[PDB]
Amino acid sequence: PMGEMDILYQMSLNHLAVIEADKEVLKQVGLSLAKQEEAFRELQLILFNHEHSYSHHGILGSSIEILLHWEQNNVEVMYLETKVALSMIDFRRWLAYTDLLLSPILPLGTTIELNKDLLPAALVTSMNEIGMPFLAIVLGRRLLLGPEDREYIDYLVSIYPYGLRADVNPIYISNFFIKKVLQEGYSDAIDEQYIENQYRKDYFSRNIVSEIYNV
């Protein structure tokens, strides 16, 4: 069912200097990325590593192809035989508010497996061994950075099975670090209401987005 987040998302699309016909396909690409978590993580990693090409076809929607022309500071997005040109700053802002308003947020206490390839080698070697999945527990969510609170980081996690220790400090991770969700934590209407009001509505009102986008 259509909800308040869809309204805020349309408002964010109205900041893009682009045609209504092109706003419509960016809306559909963003909704598709939001529903396919692994697809979005792949795109988030491509933007972070300054890769130039993205192609994904999940089990849900159509194929999404994006060419990131970093030298020209612009981007091409193609969905359903329709091609859209965006500046790089508009591309980052579009994905930022797609992530902010539409990406699922895991419950507290969720156990996840981290992608070893993306973690620093010193952390993998000291806190993990070969053949054991790098498991972690979600401790905090969308945490505000610095005194100015202009960006957030997706998760703060502890390393399983150690948890929070004086020796074992927790780890700030972005969502694309997550390889798998093993078991979700507890969540009820209180959590859903808090997430909607604080991590989406309030952040949107203050232009607070995830740090990986650098708008």
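Heads up: residue numbers just count along the shown sequence, starting at 1.
Look at the mean CA B-factor for 28-36 and for 56-64 in the entry; the higher one is 56-64.
Taking only CA atoms, the mean B-factor in the PDB entry is higher for 13-21 than for the other of 193-201 and 13-21.
Comparing C-alpha B-factors across 111, 115, 72, 103 in the deposited entry, the largest value falls on 72. Of the candidates 143, 95, 84, 137, the PDB record gives 84 the highest C-alpha temperature factor.
For residue 180, the recorded CA B-factor ranks within the middle third of the chain. Only modelled residues enter the ranking. Annotation for residue 150: CA B-factor lies in the middle third of the chain's modelled residues.
Per-chain ranking of the deposited C-alpha B factor places residue 208 in the lowest third. Remark: residue 99 belongs to the lowest third of its chain, ranked by C-alpha B-factor as recorded. In the deposited entry, the Cα temperature factor of residue 46 places it in the middle third of its chain's modelled residues.
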